[PDB]
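What follows is a short report on a single structure.
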Amino acid sequence: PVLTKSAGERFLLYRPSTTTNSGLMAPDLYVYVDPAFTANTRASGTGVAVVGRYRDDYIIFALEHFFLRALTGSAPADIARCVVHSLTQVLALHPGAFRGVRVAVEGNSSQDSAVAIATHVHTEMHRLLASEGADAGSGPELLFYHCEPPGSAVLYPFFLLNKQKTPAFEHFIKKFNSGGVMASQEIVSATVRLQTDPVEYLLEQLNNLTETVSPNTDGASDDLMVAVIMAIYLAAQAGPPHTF
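In this note's numbering, the protein residues as written are 10 to 253.
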């Protein structure tokens, strides 16, 4: 009973443009992912959310509820074609617009996969722009979120979701029923059908939030929602993420 329907008419309604108003953006680009490694489950998709900043508010570029296909031996790489296949589409319609992006991968499933997952992300990102697109000779310049496991001093490029979920939700609903965030007119999708609305598909899933401690997800398929909210909590300030 959380996100107001007055905001939902607004957040569904207004379609601002980042093709023209790009110069009024922060040149950085947070992006989150939520890998779920099982298949054939209505909440086991993998979320994509990529967000930028205006002066004080936040703005959405692409959402992919990435299911797992059947018969997967190369499954982390497929997730890597998802998220990089998104970032290339954002950077594509935004020529010379962004300085550097920051990919976030959660490791609540395991710390083991996300290392080679983000490594395989930097692999294909490091592949693509040198092939074609434009002459951005290391233009959009990737960095990652490098975290520390509890009890291990070695920094790996991942993100724990331990203490952060409640201030992230409180930040998101702090902004969202105030009409802070918005979704771009040129919001990008690959997995969701170009016929159907992406923003409608988000807003259905946004409508399953819960109380002051927020034990959420009544339901199914929170991954887009949880993805957007961790993405926007990193769209504000926190500890520094860095280069790989």
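Where is the CB? At the ideal position from N, CA and C, for every residue including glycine.
(message) If I measure Cβ to Cβ from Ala229 and keep anything under 7 Å in the same chain, skipping five residues before and after, which residues do I get?
(response) The beta carbon of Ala229 lies closer than 7 Å to those of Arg51, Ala52 in the same chain, with the five residues before and after it left out.
(message) Please classify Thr27 as buried or exposed, where buried requires at least 16 other C-beta atoms within 10 Å of its C-beta.
(response) buried
(message) Rounding to the nearest angstrom, what Cα-Cα distance links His131 and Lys184 in this structure?
(response) 32 Å
(message) Strictly by DSSP, which residues pair up with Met34?
(response) DSSP output for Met34 lists no bridge partner at all.
(request) Please determine if the region 198-210 and the region 240-253 are in contact, where contact requires at least 3 C-beta pairs separated by less than 8 Å. (result) Contact check between the region 198-210 and the region 240-253: fewer than three CB pairs, one atom from each, fall below 8 Å, which does not count as touching.
(message) By the DSSP assignment, the alpha helix (DSSP H) with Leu233 in it spans what residues?
(response) 232-242
(request) Answer yes if the region 215-234 comes into contact with the region 164-178, meaning at least three C-beta pairs across the two stretches below 8 Å, and no otherwise. (result) yes
(request) Please determine, among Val11, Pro44, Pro10, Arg62, the residue with the shortest C-alpha to C-alpha distance to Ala192. (result) The option with the nearest alpha carbon to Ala192 is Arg62.
(request) Only counting runs of 4 or more residues, tell me where the alpha helix (DSSP H) segments fall wholly within the region 143-194, in order along the chain. (result) 174-185
(message) Quick check on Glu209: buried or exposed, where buried means 16 or more other Cβ atoms within 10 Å of its Cβ?
(response) exposed
(message) Output needed for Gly54: all residues of its chain with C-beta closer than 7 Å, excluding positions within five of it in sequence on either side, in chain order.
(response) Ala45, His74, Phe75, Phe76, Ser230, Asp232
(request) For the region 13-31 and the region 136-151, state whether three or more C-beta atom pairs, one from each stretch, are separated by less than 8 Å. (result) no
(request) Would you identify the three-state DSSP class for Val59, choosing helix, strand or coil? (result) strand
(message) Is it buried or exposed, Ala162, if we count other Cβ atoms within 10 angstroms and call 16 or more buried?
(response) exposed
(message) For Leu38 and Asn49, what's the separation of their Cα atoms in angstroms?
(response) 32 Å
(request) In the DSSP assignment, find the alpha helix (DSSP H) that holds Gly17 and state where it starts and stops. (result) Segment 14-22, the alpha helix (DSSP H) holding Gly17.
(request) Keeping to the same chain, check which residues put their C-beta closer than 8 Å to that of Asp66; ignore five residues upstream and five downstream. (result) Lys184, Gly189, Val190, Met191
(message) On the CB-based measure, 16 or more other CB atoms within 10 Å of its CB, does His135 come out buried or exposed?
(response) exposed
(request) Output yes or no for whether 7 Å exceeds the beta carbon distance between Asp43 and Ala245. (result) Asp43 is not a Cβ neighbour of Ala245, given a cutoff of 7 Å.
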